[PDB]
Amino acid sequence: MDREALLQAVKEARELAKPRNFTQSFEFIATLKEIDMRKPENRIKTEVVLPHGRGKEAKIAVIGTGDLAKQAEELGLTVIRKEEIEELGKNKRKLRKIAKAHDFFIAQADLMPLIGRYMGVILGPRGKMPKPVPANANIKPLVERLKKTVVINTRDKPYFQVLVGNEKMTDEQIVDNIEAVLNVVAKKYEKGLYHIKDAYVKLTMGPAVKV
């Protein structure tokens, strides 16, 4: 599965897709062979920074006080202050809304207990448990990475699908992004990309094109 094959798949996925009145995203899909997904160690749940980003930036919320909140404000992010944590635990409807509206959460490390007690019941099952940072952290670099980040998640099945860009990006960009995703698999298993059984590219409402 070389770059030429990937470009061909992206190109055809783009061409086959019917026009729709929204900007469609590119999705990359892979099945795995000869990997025992019954062993938890073989499962993948890994963030990947896409070199050209997602198409539209991921939305990030920050749970923090003091200078963490200041930084979040300076970066234009949703801020959830310490007082709001208990409130959101009460108002789970609102918490669901906030969870849906964001792709990643960053949290002041010392707030993790409070977050687990009150918000984790909603965030955890959605895979949006916050990632902790030290209270003195400069979060700008992390935020910039997360804006371009997608998650590869197989759960317990030899399959994943992941966002790799949108149609306003170039084919070359989509392929770079797909390569970044594949590198996770390459690094994960002893024989790496040997374990790719079949791979596909599609636009949101277009057909899946096999690589």
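Sequential numbering from 1, following the sequence displayed.
Between 108-116 and 85-93, it is 85-93 that carries the larger average Cα temperature factor according to the deposited entry. Two stretches are in play, 36-44 and 65-73, and the higher mean C-alpha B-factor belongs to 36-44. The entry lists C-alpha B-factors for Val79, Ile139, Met129, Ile98, and the highest of these is at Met129. Among the modelled residues of its chain, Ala5 has a C-alpha B-factor that falls in the middle third according to the deposited record. When the CA B factors of the chain's modelled residues are split into thirds, the value for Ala199 lands in the middle one. When the modelled residues of the chain are ordered by their C-alpha B factor, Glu179 lands in the lowest third.
The deposited CA B-factor of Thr23 belongs to the middle third of values across its chain. Remark: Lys168 belongs to the middle third of its chain, ranked by C-alpha B-factor as recorded.
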